[PDB]
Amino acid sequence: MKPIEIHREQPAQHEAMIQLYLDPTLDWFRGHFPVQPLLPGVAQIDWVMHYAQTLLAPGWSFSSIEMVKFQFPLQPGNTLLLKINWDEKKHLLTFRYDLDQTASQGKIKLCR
């Protein structure tokens, strides 16, 4: 379920930049779809939550997706740059996936 991690950076304790590679054998693509493998929107949210809960906001849980936009399709062979910002005072996790232009972006609320 997790993609291949090429590199991670953390320029502040509340920010992360992760370079990810989508392999053809990634199980998200299985049956999604026969005519074209496409990365589901939920998988992009899933990884945001993994890096958020492990690097940025440990002990915080999912509450809502206030807004998400998927504006470009992603397929195997793509390299992604994932940028995440955690604003603890706002309870607000913001993210953007860029093709290594912007593939997706959103705002998630967490609760403790």
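Numbering starts at 1 and runs along the sequence shown.
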Between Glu15 and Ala16, what class does the number of missing deposited residues fall in: none, 1 to 3, 4 to 9, or 10 or more?
none
Higher mean Cα B-factor in the deposited model: 41 to 49 or 72 to 80?
72 to 80
Of 2 to 10 vs 102 to 110, the stretch with the larger average CA B-factor in the entry is 2 to 10
By the entry's values, the third containing the CA B factor of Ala57 is the lowest
